[PDB]
Every structure is written in structure tokens, then in C-alpha cells.
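Colleague: When you get a sec, could you give me coordinates for this:
(9 chains, ligands or ions: 37)
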Amino acid sequence: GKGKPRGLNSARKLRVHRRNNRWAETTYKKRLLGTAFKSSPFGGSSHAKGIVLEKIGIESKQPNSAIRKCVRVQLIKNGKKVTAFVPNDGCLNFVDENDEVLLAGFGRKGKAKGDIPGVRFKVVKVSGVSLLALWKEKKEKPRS
Amino acid sequence: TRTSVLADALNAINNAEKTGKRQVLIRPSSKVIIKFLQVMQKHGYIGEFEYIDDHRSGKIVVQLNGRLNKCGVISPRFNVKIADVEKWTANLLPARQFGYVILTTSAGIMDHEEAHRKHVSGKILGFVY
Amino acid sequence: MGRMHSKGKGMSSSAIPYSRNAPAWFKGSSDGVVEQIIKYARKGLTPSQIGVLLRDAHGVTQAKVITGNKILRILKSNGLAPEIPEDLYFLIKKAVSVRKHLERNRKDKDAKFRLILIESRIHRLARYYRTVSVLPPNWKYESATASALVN
Amino acid sequence: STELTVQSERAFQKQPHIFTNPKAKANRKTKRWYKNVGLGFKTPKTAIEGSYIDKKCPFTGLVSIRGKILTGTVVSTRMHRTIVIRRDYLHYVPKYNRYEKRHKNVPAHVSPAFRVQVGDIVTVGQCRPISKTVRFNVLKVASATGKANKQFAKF
RNA sequence: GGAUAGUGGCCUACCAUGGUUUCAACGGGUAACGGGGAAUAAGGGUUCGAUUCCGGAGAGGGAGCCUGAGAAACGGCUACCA
RNA sequence: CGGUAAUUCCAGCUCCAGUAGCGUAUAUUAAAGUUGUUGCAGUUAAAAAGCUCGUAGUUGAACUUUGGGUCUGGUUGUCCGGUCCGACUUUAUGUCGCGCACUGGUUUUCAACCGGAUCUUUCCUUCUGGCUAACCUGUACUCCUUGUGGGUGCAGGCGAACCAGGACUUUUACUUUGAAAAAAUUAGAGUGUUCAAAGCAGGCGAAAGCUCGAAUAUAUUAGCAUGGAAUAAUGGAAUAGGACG
RNA sequence: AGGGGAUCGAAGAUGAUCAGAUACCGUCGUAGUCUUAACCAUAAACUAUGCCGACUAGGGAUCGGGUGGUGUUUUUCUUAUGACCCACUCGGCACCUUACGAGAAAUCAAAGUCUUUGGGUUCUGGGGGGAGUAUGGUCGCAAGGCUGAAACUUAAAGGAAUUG
RNA sequence: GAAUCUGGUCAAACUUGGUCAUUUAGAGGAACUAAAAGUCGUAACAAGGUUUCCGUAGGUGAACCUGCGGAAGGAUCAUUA
RNA sequence: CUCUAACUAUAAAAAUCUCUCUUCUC
Ligand SMILES: [Mg+2]
Ligand SMILES: [Mg+2]
Ligand SMILES: [Mg+2]
Ligand SMILES: [Mg+2]
Ligand SMILES: [Mg+2]
Ligand SMILES: [Mg+2]
Ligand SMILES: [Mg+2]
Ligand SMILES: [Mg+2]
Ligand SMILES: [Mg+2]
Ligand SMILES: [Mg+2]
Ligand SMILES: [Mg+2]
Ligand SMILES: [Mg+2]
Ligand SMILES: [Mg+2]
Ligand SMILES: [Mg+2]
Ligand SMILES: [Mg+2]
Ligand SMILES: [Mg+2]
Ligand SMILES: [Mg+2]
Ligand SMILES: [Mg+2]
Ligand SMILES: [Mg+2]
Ligand SMILES: [Mg+2]
Ligand SMILES: [Mg+2]
Ligand SMILES: [Mg+2]
Ligand SMILES: [Mg+2]
Ligand SMILES: [Mg+2]
Ligand SMILES: [Mg+2]
Ligand SMILES: [Mg+2]
Ligand SMILES: [Mg+2]
Ligand SMILES: [Mg+2]
Ligand SMILES: [Mg+2]
Ligand SMILES: [Mg+2]
Ligand SMILES: [Mg+2]
Ligand SMILES: [Mg+2]
Ligand SMILES: [Mg+2]
Ligand SMILES: [Mg+2]
Ligand SMILES: [Mg+2]
Ligand SMILES: [Mg+2]
Ligand SMILES: [Mg+2]
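Modeller: Residues are numbered from 1 along each chain as shown, chains lettered A, B, ... in the order given. Ligands and ions are numbered 1, 2, ... in the order given. Have a look at this structure:
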């Protein structure tokens, strides 16, 4: 019963067999293969500075209709291109395209949160200053 | 094929106890079962039991008194330190007020408390309570 | 109930009695048993045949009970032991018989399968005997020295 | 071993720094020096009466035994004057409270004083290094045959 | 036999054909210096360890070397490459 | 949630949670009995090779000294011995209290609870000398109320009470003990750093110098030494080439 | 590849039905269907239950063997067989009843003896898609088989039962 | 006792080739995901209106259909009326 | 407290479907 070996001298397989089944957990596979280092433009980085190109509106899914004000950006650290979201009401018109913007994660471990298809990342800092600082009227964009 | 006759013995004991019987026929009847049952009996889970010669491996028939609740064998006889005894007692026995982990010692077959007072420890066999 | 090569679980066998010593009514002499054993061996009958014949014809229950020793050991002490143990020799005989049948008629495939089973058993038994060192460690069973040992 | 006339190769194998005087009026065999290696091990008689040289012989040569003592089984004999000993052992993996069969292969150097066959169990001793891999000399073949004692059966 | 401070295919000459491996050798990757340890916690474990201590390695990359008990040194030299 | 009464957006007012901290993001740990050795599922939810043989691996029947008898070392609770604790109060005796707050025999049984030596057709490597440690010595003989309570005492001969040399050592795995496993970290003793994180200090004289320290455990793997003999393996004597003389 | 060539029928040819029907119905008809040696090795190759063990509850029949009948007809007067009837027992496909065990249930006499968690053992799975796809091997003439991902995309897919 | 110089020796480098590894364009092609109010049909879930499903082979705009063997997850646990 | 007998006989065609899914506390 319980079709795994139980003898004293079977240790080997009990290790190596586990060493096989660990390849089922996606977390473990990503960690050993380093897929976070080839794909997923953040090379393990929680934040990256990119240059914004153009401001886009992205539709939403079935139960929710609204134009999410997303934004394209090419990342300095690798040159790849991604799409991010502007995480407050009146902040798209803070971007001022061709601007240094600092991108962070987006709350679902490299996935798409909620009803915004084809995006993976928030936006935190624009022109050095943090976006939430602008939206709270605590600091002002340099406009340089 | 049969591998550890002690496991078969205790499995028959548990099966026949749960059904409420009073006697059990242990078939292979090796030394270790005999010592196990003397330990059992001196603790009291079992009454006056019996061995039978067969010119081959003999047999046991054991009387019960319903005093027992469950027995069992830890078939891969693990090497236990004198320290790791408390680990097995916690993981197997219901509550330390009673219960007995049965292990083979340099002295011989022996329950855990005897092992701790004799300050010896060997390989674990089973658990009864 | 093992029956390595067939899921059959039977237990057809014999339960020899509890009395290790001879039956009280036996009148034959243990020695005379020994001489008839050796003469039947001279006739060439294998120790299984020896035992069955001594059980059928005479009060010989188990030669171990009567003479205090077993038939193959009597033969070995008397120097009539065969070079190949009887069970093994029967395995070779069966295997070569099946081989002859198979080569005679090709398309029979269950014959081939049973031949594979028999070769598995014979390799297994030869391994055992080599470990106990009855056979020479170089004793090998394939096809042609097989046929020679058939002779 | 060195196998039939140790005086074989292009140079002479003299037991180092020992002199047998031709001038001696006895014509004795030779001054075949040796020593008791210690550790309660008896030198074999063939070590004294032998005719080999084996600078690396722990019993007649220059090498000395100290340190570790191992007990293994001969697994390979094919190389000259030297042996390969298998050591099987157990390794306790703690994550499963279990044991793991493992084996190492230790080379060693056998004096001609010793006869070794595959399957023998050998008490071997650590020594001053001999070669790239050899760091041991054989000191006692415990089972010369063991189960190969008997070779026939004639009651 | 040479060379070493000294054992050693360490190297040379002449021999032999051996050595390891499904008990995972060899090869490939490591965003791996190893370790004392850190986080984590019924018990059993999982992950991390660049770094306060211990060893090892390196002073752009490789090689070569004088002095000196001690270096193949680099805030010491020689040469090539960048 | 939001499509005209939005407890979900955006504000105001209240209120919640944490607080000189709180909020994110990517990792990782517990949750996760969703990596399962303890501790997973495999009829249909993912999953049992189409079936069989088979090397390596894994695991593999039962049985070979168990009972008894004694003496005896202790460790526990007995009866408690002396010391004396309380109601009893400013202070002492008695009385009466937990039936003894600390020192004591434990054959009054007792019960364990580990031992040790022993006899059972029952060896504990056993010799080779030591050394005899020890008296079976018994010799000169009793020194002592007559009584072996106890002595000056040396040839056979008591060997584990101890040495120290060869003979052999079946081998292990296992287990207990010990030695080892740097410090720092962890643990944890002591210590009014004003408490604490910490630190390894400090404390005490009457300040006239007199002292307490800087406690301990763990590391599990490999190696070393050591007591054990159930479990598990291996080993003998079968051609006798077997043991002792 | 060689031999056969009845039937039946992928392909094709047809006549219907329909909006279309080169599909289902209807007729003919090639390769195959059958063989002889060699490849192919996949099937819902399903009992969707791996193998070897021990135990645990009641009932019947059934298949193979062997047991005992003062048994029946057998019939050869009578014994012998055979065939039956009974009480068995060992093994096999299974079945019925039940839960006092399990399961999430459907159900299972094993899918029980599993939190009161350890008989011995192999091989598989870790949300669904991507996908048995990409690629490299490897076997095969070919068809293809074994081996075998990832990027990426989603809050479900799925199981059993309940009521409509 | 210098420059210089014979031999080797360690040999970093250099040239041309070969080799493999990784980044890297890459005309074009085949995809796949999300995108739900395009278009052609309606195979599947009921006997899905030809029972489904599997392997294999063929053809077809598409789902598919057909053949040969299977299976019930079938719509039958059942004829010893 | 004795038993095992009945039985029939159909199928032509029917494709598709735009929203809107909303609490249970005494
Ligand atoms: Mg590391
Ligand atoms: Mg580190
Ligand atoms: Mg350092
Ligand atoms: Mg350096
Ligand atoms: Mg630099
Ligand atoms: Mg100096
Ligand atoms: Mg340097
Ligand atoms: Mg420096
Ligand atoms: Mg300089
Ligand atoms: Mg409102
Ligand atoms: Mg608000
Ligand atoms: Mg937990
Ligand atoms: Mg699970
Ligand atoms: Mg399904
Ligand atoms: Mg499924
Ligand atoms: Mg299957
Ligand atoms: Mg199957
Ligand atoms: Mg095997
Ligand atoms: Mg056993
Ligand atoms: Mg430390
Ligand atoms: Mg601390
Ligand atoms: Mg038509
Ligand atoms: Mg057609
Ligand atoms: Mg047709
Ligand atoms: Mg036709
Ligand atoms: Mg398949
Ligand atoms: Mg998946
Ligand atoms: Mg797929
Ligand atoms: Mg491919
Ligand atoms: Mg359903
Ligand atoms: Mg020069
Ligand atoms: Mg339809
Ligand atoms: Mg249909
Ligand atoms: Mg129709
Ligand atoms: Mg239709
Ligand atoms: Mg259905
Ligand atoms: Mg339409």
C-alpha cells in the first residue's frame, strides 16, 4: 500500500523521485529554469525605468465596460516594449509622452489584474517624482 | 509475498478486535510476536494466550479482553536515538498518560518507558495503547 | 499461490505429518531402505521418482524420517549424485523439447512465449545453484551446450 | 608480484642500501632485510623468504604504514603490482531518516608477498603517497578464498 | 632517471592496458565562492548565505620572473592583448 | 461597483486599523496534508505503463540459552529514629495540628528499579609470565578470657584486584556513554545598562581594599574510544583439507 | 511484395431529400477485407480499479479437481464405470443482501483493514488552456509511435448528486 | 664581468582555417492566444433529430462524414416468455 | 400440502435566436 518505497535503504529513489515531481510546481520550475531572467522583461526587477512612447486606451472585458488609460513604454534595461496602466483618475495627462517613467509590478505576480487585457505593470514615478504625489497636489512635474 | 510477519500478526489483532471478537489466530508466530505479546500481556491489553507447535513456524492463538483499543507496527524499523523517543511518542501515542511505543533494545524488546528508565534505545517495532 | 508466470493462486501440495520419528507399525530396516534406495538409483530413477516409488510400494513415508537423512544426501554420500540437479535437468529437457517444436513449426507464437518463460526460470535456477556452488561458476545455458547437456 | 625473475627490466632491482658481500665465505642467499610494520600485523612468511624487491612493499621496501586502516573487497586485479578495492557503505540521509547505499573505489599496492583474487576481502593501510591515485598498501588478505576453499566434492 | 624542499605521471625514456560509470561517470547550467550561519517554525522541513568570523581565489585579462624564510606579489617588475 | 437614489469611483462629514510609522512591487517562508519521510491522490475530478519476462535497486519465512535459586550494591515510597515546622497571637513549655518542614536503620514485610556476582550438562578472548592484589596454603606459633575476634609470617599454589607481552581475533550495520565539532549567532544562568535592544559586567566594606563572576546545551552527517547483544546481514565441520590431545 | 478475388465496402459513379447535402436512405464500384514472409506497436489495448501478501460478513448457485455416502436411477443379472442428489473442501469467472467499514458522492465485500495516519513494491498527476503542439533525439521506407517543453492566457475548467 | 649570442623551456599573443556555444537581424510561412454584435453553416448537449466516444485510413469550405475494429462515459444491468 | 404454453404489425422532411441577472437580517 501507499505505493512508495518504505525500506531503510530506499532513500535514493525517495530523493530522486521527488527530484522529478518537483518539476510539476510552476514556482519551482520558474525558479530553477530562471524563466524570470529570459522572458518577463523585468529581469527579476521589481521596478524599471522606461521611456514612454504613446498613450493608449484599452477596452475591458464582458461584464465591465470602460476605457482603461494605458501607456506604451520601452524599458531602458533591456530595450523591450511593454504596456502599463496609470493607477489614478486624472493622471494619464501627467505622462507627457517621451518621458522617463518608473514601472512596478501590478499585483498578480506577472499576470493581468482585473479587466485590463494584455498588460502587466503599474506606473509609479513619472519625471522623477511619484505619480501619486502629483495626483495629491503635493509636488509638481518638472517639465524639463 | 509476506514480508514482516509482525505486521500481519498485529493486523489480524486489530481486525479481530474491532469486530469485537475475543480470540485471534496468528499464523506465522515468530520470536518477535511472542516477546511483543508478553510485553502486551504484562501491561494487560491481552489475557492468557497460547503458542502451538507445528514442526514448522508454529502458530499463536491469543485471548482478548476487549481492553485493547488499537495496535500497530512501524514496519520500517527506524533507528531511534534516545532523544527521538519523545518525537515518536508524540507522533503515535494518543496521550502520554498512557500508551506504549514498543522498540527493540540492546536489552531486548521493550516499551518506551522501560527504555528511558534503563537509559537504552534501539530500533522501533510498533505502538500499542 | 505465487506461480511466478501465471496468475493462478492454487495451493496444491502435501502436508507431511507432525511425527518426526518413524511410524510405530513400520517393520522395515533403515539400512535396508538405504540399500534399496541406492539400487534404484543405480537403475537411474531420480530422487523424486525414488521417493514416489518407495511411498507407493513400501512403508517408506519420508526417507529422512526413516534413515535420518534425505535421498539426495544419501546419493551424494554414496557418490551417486547426478552432475545436474534433477529439477534443473527437467527444465532443460522441457526447454529443448519446446525449442524443437518451435523450430519445427514457426508461426506458433505462444510456443515462443512459453519458451521465454522457461528460459527465465532456468536462468533463475542456475543463478541460485551457482550461488550455492553446486554448478561450476562458468556453467552457462544458451542453445548448443544446452543441446549437448540434453544428451 | 613481478612474476618470474624480478630481475627482468633494463635496470637492477637491488633492495636499497643493502650490501651482500661476495667476499663472505658462506655464499648465503642474500641479506633480505625486512621490518614488522606494526599495528599487530604479522608479516607473511613469503615476505621474508620471498625473492621480489618492490620498493613500495610495506614489508620489505621503503614505504611506511600509518594513519587510516580500511577493510574492503578486491574488485579489480588487472593492473600490475596494484589492486583496486571496492568499499560499500551506507550514508544516512536525514530528510527521510533513511540510508543510502554508496561505494567508493580505492586503489592500493599489493606486495608480491600477497596473492589476491577478485572477490577477496582485504585489510588495507594508508601510506605515504605512491602514485597519482594510490595512497594505500594491502596488509592482510583475510579471505584468501573464503568460499573458494573447497574446489571439488568426493565423499 | 630528471625536477621539487620533499611523496607523487609531477615530468622524461622504456614498458604493460589499464582508470571511472545507471550506486549517475563524462558532459551542460548555475543571476554558486565553500563554511560558521540568517529567515521561516507543533513535529518533520523550505529558502537564502555578496557581507562583521574561518578558509580559498584575484588585483583589467591572461602568461614570465628578480628579491626575499615566505610572492608566481601586483600601492614589484617583464612581455602580449583591451 | 458604475447604464440617474453608487453604503465600492470623486469629494465633504463621521468611523475603522496600525502608529512615527504606514503604504506599495518583485522574491521567499507558514498557510500548502497544493511535493506529502512523518504527510498527498491515481473508477469517473490530473493520473495504474496494453500484457508479460528481466539486470541493477528495493524489500524477503520460521528456528539455534529461556527459565529458574541465592547473595548483594544501591535509587524511590513506606514505620518513622534525632532535629523540631505550625493553631499560638509582644515570648517559652504542654495540648492539638501536614502525620515531618532537615538529618537516619532500611531483611518489619514490603513493592519496584536499575544493577553485580553467582549454580544450574550454563564461561567472562584465554594464555604467558608477572605480583601475587588475594589465603585453599600451613609453616615457626598463637600475639587474644577458652572462642580463628584477629597476627610477626614465607617453598607448592586464588589470577581480574591489577599489569603486559606473543596466540588468536569473523566482519559489521545498530544503539548508550565519552572525547572531539573555533569564536560570534541560538539557547540559557547571573546581573536595576534608569527599563529594554544590549553589554559582560559589577557588588560589597565604614570606602580603611575585600570579593562574586564572565554560568551552561545543542548540533544531529563522516572519523575516534567505549558498555550492549533483540532486531538485520555475514561466518564456519560435508570431499572433513574439521576441532583438542 | 507474391498468391487468391465470394461477400461487404473507404475512395470514386450514381438516383433521391434539402435552400444547398459531393451526408445520413438507395443502388454499382477501386485498395482493403482472406491468406504467405517482413514492417507498423497504436485502440474507450476499460474492470477507465498495477502486482505479491495477511485479515475482516451473511447467502446461494456456477466452472475445474478431489473428498464421503448403506443415495438415486442407471444395467450388464448384480458389483464396475458414467450421469445425477446430498454434505463438503481447494481453486476461477462472477452474483445477491447489508454497513456494523469506507467514500464527496455515484458506489465498493474491496474503492475496507488510512489522522486510531507505516505489509513489500514499481509507474504516473499538481488549475484549465496553450499541447501531446514547438524543438532535439530515437525506432520506422511511409503512415506515424516513444521521449517532450516554454513563451503566453484565464477564475475557472472539472466531479458527483438535488430541484426545475 | 655588460651588450650580444647557441639551444631548448615556459609560453601570453598574432594570421588563416575548422569547430561549437550564446546574442542577433531575418524576405516569407504556419500558428496560437485575447479581442464578442462579422460572415458560412449547425457537428455536439435530449434518441442533437444519422447514439455518442476511441484508434486507424480516405475525401470534403468548415465543422464533419464514411469504412474497419473497438468501448459505454448508451438510449438496454433483464426472455429459463 | 401438486406444475414449466403463447404470438405479432410504424420511422419522409423541421435551420437559426439580440439584450437583462439583481439581499437576507430578527
Ligand atoms: Mg551557495
Ligand atoms: Mg555567503
Ligand atoms: Mg575573509
Ligand atoms: Mg594573490
Ligand atoms: Mg576595475
Ligand atoms: Mg625578511
Ligand atoms: Mg599576478
Ligand atoms: Mg597588495
Ligand atoms: Mg615596482
Ligand atoms: Mg452616493
Ligand atoms: Mg469615500
Ligand atoms: Mg504547518
Ligand atoms: Mg492534492
Ligand atoms: Mg473526463
Ligand atoms: Mg479525468
Ligand atoms: Mg490505464
Ligand atoms: Mg493495465
Ligand atoms: Mg535484481
Ligand atoms: Mg524474518
Ligand atoms: Mg559554536
Ligand atoms: Mg540570548
Ligand atoms: Mg445527391
Ligand atoms: Mg459518397
Ligand atoms: Mg453508401
Ligand atoms: Mg454492393
Ligand atoms: Mg496510448
Ligand atoms: Mg497544467
Ligand atoms: Mg492538448
Ligand atoms: Mg519532433
Ligand atoms: Mg455532471
Ligand atoms: Mg635565445
Ligand atoms: Mg445535430
Ligand atoms: Mg446529430
Ligand atoms: Mg435524421
Ligand atoms: Mg439530419
Ligand atoms: Mg451519461
Ligand atoms: Mg444566419
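
Colleague: Measure how buried the residue in chain C that RNA strand E sits nearest to is and give me the count.
Modeller: When scored by Cβ to the nearest atom of the strand, chain C has residue C:131 as its residue closest to RNA strand E, at 16.4 Å. For every residue, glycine as well, the C-beta is placed using N, CA and C. Neighbour count of residue C:131, defined by other Cβ atoms under 10 Å in any protein chain shown: 11.

Colleague: Repeat that for the one 4 residues further on.
Modeller: Residue C:135 is flanked by 20 other residues according to other Cβ under 10 Å.

Colleague: Surely it is in contact with residue C:125?
Modeller: No. Between residue C:135 and residue C:125 there is no contact under Cβ atoms under 8 Å: 9.7 Å.

Colleague: Tell me the spacing between residue B:26 and residue A:1.
Modeller: In this view, residue B:26 and residue A:1 are 21 Å apart by Cβ to Cβ, to the nearest Å.

Colleague: sorry, back to before: quick check: the residue of chain C closest to RNA strand E is in a strand.
Modeller: No. Using DSSP: H, G, I helix; E, B strand; the rest coil, the assignment for residue C:131 is helix, not a strand.

Colleague: centroid residue for chain B?
Modeller: Centroid-nearest residue in chain B, with Cα atoms, centre = their mean: residue B:36, separated by 4.4 Å.

Colleague: how is chain B carved up into domains?
Modeller: Domain segmentation of chain B under CATH domains of a matching chain yields B:1-68, B:69-129.

Colleague: nearest to residue A:46, of these?
Modeller: domain B:69-129 (41.0 Å; Cβ to Cβ).

Colleague: where's that closest one relative to the chain centroid, distance-wise?
Modeller: 10 Å (Cα atoms, centre = their mean, to the nearest Å).

Colleague: what's the span of that domain from first residue to last?
Modeller: Length of domain B:69-129, first residue to last, Cα to Cα, to the nearest Å: 6 Å.

Colleague: who has more neighbours, residue B:26 and residue A:1?
Modeller: Set residue B:26 next to residue A:1 and count neighbours by other Cβ under 10 Å: residue B:26 wins out with 26 against 4.

Colleague: Do a quick rundown of the helices in chain A.
Modeller: Remark: helices assigned in chain A by DSSP state H are A:11-21, A:26-33, A:35-38, A:131-135.

Colleague: Relative to chain D, which of these is closest?
Modeller: Set against chain D and scored by Cβ to the nearest Cβ, the helices of chain A come closest in helix A:11-21, at 3.5 Å.

Colleague: Got phi/psi on residue C:42?
Modeller: phi -60, psi -40 (degrees, to the nearest 10).

Colleague: Next: residue B:113.
Modeller: For residue B:113, the backbone dihedrals (degrees, to the nearest 10) come out as phi -70, psi -40.

Colleague: I'd say it and residue B:99 touch.
Modeller: No. The criterion here is Cβ under 8 Å, and residue B:113 misses it with residue B:99 at 9.6 Å.

Colleague: What residues does residue 49 make contact with?
Modeller: Let's take chain A. Shown in contact with residue A:49 (Cβ atoms under 8 Å, 6 or more residues apart in numbering or on different chains): A:75-77, A:100-103.

Colleague: think we crossed wires, I meant chain C
Modeller: Contact analysis of residue C:49 by Cβ under 8 Å, 6+ apart lists residue C:40.
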